[PDB]
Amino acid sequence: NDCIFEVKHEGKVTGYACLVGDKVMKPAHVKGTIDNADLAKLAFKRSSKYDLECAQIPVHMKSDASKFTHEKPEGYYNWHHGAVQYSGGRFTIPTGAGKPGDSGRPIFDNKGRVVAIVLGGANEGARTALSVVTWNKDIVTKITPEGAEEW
């Protein structure tokens, strides 16, 4: 728990919240409470449009936040469970690398810069196209491939 924190609901980890820039971010559909009391007590706003819940990072934690970038060249990226391909405007991963529970994990570049947050994914056989919140032309956007389930 430095920039990524478990969200828990009735004992079970249902997802993750992430510190990015000056925001605390969590997928809105992820049920439960962030298992950090400094975070859990913040003013959070829900946006259905982005499936995001956000709060201002507290003063004593601002410097723990992840760096981010709007720039995502086509290629491969990182998340907790391995490689993530970006091409065609879609993020994809090996099917099974991700499952219900991974919602909230960030996708980041080689310099540790967050480029997207994972919301869920659509099984397309061998690969899974991720549902994500990200920046397109520096504008916040939720991208959902057809047939995606919330994670």
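So that there is no doubt, residue numbering starts at 1 and follows the sequence shown.
- When the two stretches 21-29 and 136-144 are set side by side, the higher mean Cα temperature factor goes to 136-144.
- As listed in the deposited structure, the average C-alpha B-factor of 52-60 and of 89-97 is greater for 52-60.
- For the set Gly112, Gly120, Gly125, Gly82, the maximum C-alpha B-factor listed in the entry falls on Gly125.
- Ranked by C-alpha B-factor against the other modelled residues of its chain, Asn36 falls in the middle third.
- Ranked by Cα temperature factor within the chain, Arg105 sits in the lowest third according to the deposited record.
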